[PDB]
Amino acid sequence: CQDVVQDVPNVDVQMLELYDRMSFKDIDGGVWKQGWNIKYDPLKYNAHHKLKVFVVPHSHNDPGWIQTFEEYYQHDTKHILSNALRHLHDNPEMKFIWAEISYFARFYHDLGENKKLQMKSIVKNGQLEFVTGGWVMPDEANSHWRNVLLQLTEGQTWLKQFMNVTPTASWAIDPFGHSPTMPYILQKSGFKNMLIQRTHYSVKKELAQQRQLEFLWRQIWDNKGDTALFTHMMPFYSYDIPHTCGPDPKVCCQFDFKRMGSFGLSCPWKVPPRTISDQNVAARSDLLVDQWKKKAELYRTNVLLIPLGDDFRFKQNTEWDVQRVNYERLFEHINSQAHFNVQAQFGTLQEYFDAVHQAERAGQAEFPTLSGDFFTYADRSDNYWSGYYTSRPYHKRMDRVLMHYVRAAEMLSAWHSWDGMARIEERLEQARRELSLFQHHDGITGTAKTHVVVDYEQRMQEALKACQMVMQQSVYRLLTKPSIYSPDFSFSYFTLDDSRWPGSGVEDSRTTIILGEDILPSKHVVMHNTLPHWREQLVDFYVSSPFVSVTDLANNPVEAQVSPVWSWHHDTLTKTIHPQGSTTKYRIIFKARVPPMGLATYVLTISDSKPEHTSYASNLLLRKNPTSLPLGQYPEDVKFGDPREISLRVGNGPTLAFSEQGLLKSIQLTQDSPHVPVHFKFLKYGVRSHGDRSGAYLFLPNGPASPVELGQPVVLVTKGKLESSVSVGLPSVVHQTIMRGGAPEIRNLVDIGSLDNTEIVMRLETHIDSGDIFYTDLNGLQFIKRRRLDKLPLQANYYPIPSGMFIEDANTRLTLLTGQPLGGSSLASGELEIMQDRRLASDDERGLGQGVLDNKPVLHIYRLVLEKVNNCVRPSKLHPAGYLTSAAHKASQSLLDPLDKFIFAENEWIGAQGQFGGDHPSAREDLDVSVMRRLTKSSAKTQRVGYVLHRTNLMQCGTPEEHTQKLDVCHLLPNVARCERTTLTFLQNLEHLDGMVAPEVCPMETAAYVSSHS
Ligand SMILES: O=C1N[C@@H]2[C@@H](O)[C@@H](O)[C@H](O)[C@@H](CO)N2C1=O
Ligand SMILES: CC(=O)N[C@@H]1[C@@H](O)[C@H](O)[C@@H](CO)O[C@H]1O
Ligand SMILES: [Zn+2]
């Protein structure tokens, strides 16, 4: 295993270092506004060294943006694809590339057999080529690597089955910034080449000047280079035709033949395109070839890539003709005029890459190596796209919840082969596809129109229902005596109970377990643990009585804690935000111990009085002029008091101190240790009255944030043996700090209401000597070192916080883990801040046509970990990466993949069993079975189950952490006949594993295996 901590990779271009050196000056470079006047030696080419030009026709189709997926399909895409089939069939030399498989699949299944055969033929002959082959062209900032792989697999699996092809070249022309997580996954999925476009204009200029636009992109910790994937970065401002033929858009626009009038399009540079004729082809070619030759000066080979397309292009038949015939005339002239020394033709992306590498092997070019990412993107001036790291936070949080339900549903149902009548495969396919669709760069990014966001939400809601159905049917089968099991595939044996989504204060949807002497004395509940190691975790349920006790299936009592059900209300009358307690609903909390990738059953029983093993939390409402708070049967009376600082400590864990406004002020790890200053504070950012306005994409603050006026907020303190908390009703936010014995959990019920042109940020102020350094993660896969640059505006220092961020000095580190992707940064030494929500009144001129005024209450969740790290073996100062500690990683897992809770629906569960998976290996803490999915339907003689195994890297800080069993995924199911290592998409076998054993992976490595069973 390569060491991912101690060896600083030696690369030609390291983005953090590059950023440190760059001046980022935004000067007018001429026709190429953000570049310079490119010059080339005409004698560079001759009959012995020609310029090979590949014009690649394409059509960018958004699976939702200003119209819904289905709306675009009916209005544009089905026509584009139908005419593409016709035109490519009739013109053998014409080419076309396609990226979004969600649309292709939607179109394909509506075709007759005659057309399906014609389609298979033009793909087979190379005219129609799929690039990337994912369900969508995913966002690369907010997306979790697990979902990026999910959507890639959904698209490629469909392609292999129906088109018999698997793309090895990726095309990403629209994501707003790019992440190294992509080459990571692609390289492990058979890819050999990739292309990106949206990168900071300053970076494009810098790399173009050194001809480093094509590079071998390796991971920041990879010293050997085995993760390297050849990458091509386009050099200009856009992927449209005016910005892809050469440096001068005024000239290139003349070669977009759809802009002549009848199509309702024109050239903003004022010179229209002109139909090519024998009388002007020489002058036209001279202009075009000159553009090509200038673009060619930016690359290292004599092979040039010229994309030809734009949004939803190549729709009308007349459009196909106008682009094809005119370019055909240019090619004939150019290719026959020796003095040009050019050979131009229509081609595909793979053809371009193949030619480049043939040149490379001929020794005409040596490519540079590069590590780092391409955030935060800016397309012009100070317009940085850091706003979408937070836009529509409700759906960003929903993405993470569905991510987990999909994993749990596929895993729980994978243990058995199911009858088609169970509709398991059906429901799972829908769930995977709806979540996959949302990975689109206008989905999770929060940059779509309001009705399109509603469509995505509806689709995800259906996906959640689908996973619940599969999950509960699975639990019933896994925990019911075989000879008793009698399933009704349409029946709900269990109901999922989720305490954090939509969340308290967002939607009152969780069911209360109703117990009563005259109705039902007890109820069975089941917990599921998707993680490959034993796990204990407090779980809670709503019960109709406070006198409830818990036991496991062996009837052993389990220590429990009952607390009231508190809900906050903005009191329209008194004009205050205060809590109300339930008088008929209570929360029971207890620790559930669940096997690796397994299940554990518990029983809740009612009694007339306080049961021996159940304690009751105390409650303190702090504020002036309080009123009574009755709680029905609740044993203890609520206490009151004037606002005052308070301190709490659950178990033998950390001691937390709070201000009189209910906000964290300090943390004391041990009774010896000092009270470390850790202050939570809420501030607001505004919008400029002059210049450009912030919108769904852009973050253009009107200076540093200003503190939110808190007034005298009401604070509620709940103190219990197992769980305690401090909640405060602040303007726009009900802030809660929960303590269960270890790292505290933070929950924010965010309701920005009608506060227009306001962005709410949560900041942590400490004394940590972090300087200008901080760390943020990329797609929940790796942590990259960031350096605050004062030479760049505030918004440029904001980065995606998909799962976590941290700051540290020689001895102390503060890590904030998130349960949803949001934007954040460290604007000053010792600080950390993350945006909660943003309501913007205007459009930010990027095509959306609206501001963001559809905010809705959302429950954001986090874990705050303060740790001493002076004893940890950390990377040297020059290393571009950072790594979490064991505690921080486990805290992240508690947020992203919590235990699942099921409540038995009926009154009696006959044949109920107490546990499943007790014999499953409890793997090392840094190892995870990211995906478990049965790949075969019941009718297959040889059953196949695929597994994706990921091992992160945790810092060694002096903790013995030992005794754990080896996990061999290939033996998790009986009767294994063979074990093979496959690409991450399970589509290609790479190794036949001897002994049928799947070996564990190295730190930061990800592997996929498929076990076959007879
Ligand atoms: O013409 C445009 N093309 C891209 C779209 O494809 C869309 O997904 C982007 O959000 C949006 C970002 O500006 N886009 C445009 O305005
Ligand atoms: C779809 C089909 O049956 N056609 C075959 C395919 O099975 C085979 O894998 C491929 C090799 O690339 O050659 C095609 O002609
Ligand atoms: Zn797009």
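Positions are given from 1 along the sequence. The analysis underlying the following values was restricted to heavy atoms, covering all of them including side chains, and did not include hydrogens, waters or symmetry mates. Note that ligands are numbered from 1 as they come in the structure, with each ligand's atoms numbered from 1 the same way.
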Looking at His441, which atoms of ligand 1 are within less than 4.0 Å of one of its heavy atoms?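 That gives atoms 8 (O) of ligand 1.
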Can you list the ligand 1 atoms lying under 4.0 Å from a non-hydrogen atom of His60?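 Per the distance check, 6 (O).
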Polar proximity ligand 1 side, [X] side, N/O cut 3.5 Å exclusive:
X	result
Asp62	yes
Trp385	no
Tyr697	yes

Would you say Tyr239 touches ligand 1, if touching means a heavy atom closer than 4.0 Å?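 Within the 4.0 Å threshold, so yes.
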Among all protein heavy atoms, pick the one closest to [atom] and tell me residue, atom and distance.
atom	value
atom 9 (C) of ligand 1	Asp174 OD2, 3.6 Å
atom 14 (N) of ligand 1	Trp65 CH2, 3.7 Å
atom 2 (C) of ligand 1	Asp311 OD2, 3.3 Å
atom 8 (O) of ligand 1	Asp442 OD2, 2.4 Å
atom 16 (O) of ligand 1	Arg846 O, 2.8 Å
atom 7 (O) of ligand 2	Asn164 ND2, 3.8 Å

Taking the six-membered ring for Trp, are the ring centroids of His60 and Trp98 within less than 6.0 Å of each other?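 No - the distance between ring centres of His60 and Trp98 does not fall below the 6.0 Å cut-off.
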Test: [X] and [Y] ion pair at under 4.0 Å:
X	Y	answer
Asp379	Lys204	no
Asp692	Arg688	no
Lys315	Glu319	no
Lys95	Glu129	no

If we ignore angles and hydrogens, is there a donor and acceptor under 3.5 Å between the side chains of [X] and [Y]?
X	Y	value
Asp256	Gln323	yes
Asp854	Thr450	yes
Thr166	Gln156	no

How wide is the angle at the Zn ion (ligand 3) between OD2 of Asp174 and NE2 of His441, to the nearest 10°?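 Result: 90°, to 10°.
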Taking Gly695's backbone N and O only, do any of them form a donor-acceptor pair with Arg838's side chain (distance below 3.5 Å, no angle check)?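 Between the backbone of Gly695 and the side chain of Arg838 there is a qualifying donor-acceptor contact (under 3.5 Å).
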For ligand 1, indicate whether the residue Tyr388 contacts it via side chain, backbone, both or neither (heavy-atom separation under 4.0 Å).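 Neither part.
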With a 4.5 Å limit on heavy-atom distance, are the side chains of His232 and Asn193 in contact?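 No, too far: nothing below the 4.5 Å cut-off.
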Any side-chain heavy atom of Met403 sitting closer than 4.5 Å to one from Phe438?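 The answer is no; the side chains never approach within 4.5 Å.
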Run through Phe699, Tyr798, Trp385 and flag the one making a ring-ring contact (aromatic ring centres under 6.0 Å, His included) with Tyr377.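 Looking at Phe699, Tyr798, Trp385, the match for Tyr377 under the ring-ring contact (aromatic ring centres under 6.0 Å, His included) is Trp385.
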List every atom of ligand 2 that sits less than 4.0 Å from any heavy atom of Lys124, numbering the atoms from 1 in the order shown and giving each element.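 Numbered from 1, ligand 2 contributes 15 (O).
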What is the name of the N/O/S atom in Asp62 that sits closest to the Zn ion (ligand 3)?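 Output for this pair reads OD1.
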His60 atom (N/O/S) at minimal separation from the Zn ion (ligand 3):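 Looking at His60, the N, O or S atom with the least distance to the Zn ion (ligand 3) is NE2.
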Considering only protein heavy atoms, determine whether one is less than 4.0 Å from atom 4 (N) of ligand 2.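 Neighbour list for atom 4 (N) of ligand 2 includes protein heavy atoms (cut-off 4.0 Å).
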Within 4.0 Å of atom 12 (O) of ligand 2 (strictly less), any protein heavy atom?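 False for atom 12 (O) of ligand 2.
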